[PDB]
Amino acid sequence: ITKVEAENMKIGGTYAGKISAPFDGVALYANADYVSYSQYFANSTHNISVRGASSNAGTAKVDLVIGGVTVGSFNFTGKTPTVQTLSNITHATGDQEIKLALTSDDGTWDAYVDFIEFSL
């Protein structure tokens, strides 16, 4: 299992920044916010989990982008952190950018991101 902490990734956008609550991680608030890093892959398919939370009782949605492809979105509804999963995602091998960003600007609340975990 490969786990990467959001707070150790590149943080970009107008608003995004490291957080300590509701965990050590990064918050994403508006469309151009992101976290990213480069991951080497030997295999073309993984299960991907992210621990995250919403800023509010309602929904925050986070796109997962691998090598520029939006492969799916994690739904974090409510203030309590959960682990959300995208299973059996195929992608390119070798060095690939991994990026997390809000799915919308106005459609959803803000996302808190703790870590990402890849597994086979």
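A residue's number is simply how far along the shown sequence it sits, counting from 1.
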Point to revise | Higher-B stretch (mean Cα B-factor, as the entry records it), 65-73 or 79-87 | key: 65-73
Exercise for review: Taking the chain's C-alpha temperature factors as the reference, tell me which third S36 falls into: lowest, middle or highest.
Suggested key: middle
Check your understanding: Considering only modelled residues of the same chain, in which third does the CA B-factor of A92 rank: lowest, middle or highest?
Key -> highest
Check your understanding: In terms of the chain's CA B-factor thirds, is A53 lowest, middle or highest?
Key -> lowest
**Study point:** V4 CA temperature factor, ranked by third within the chain
**Key:** middle
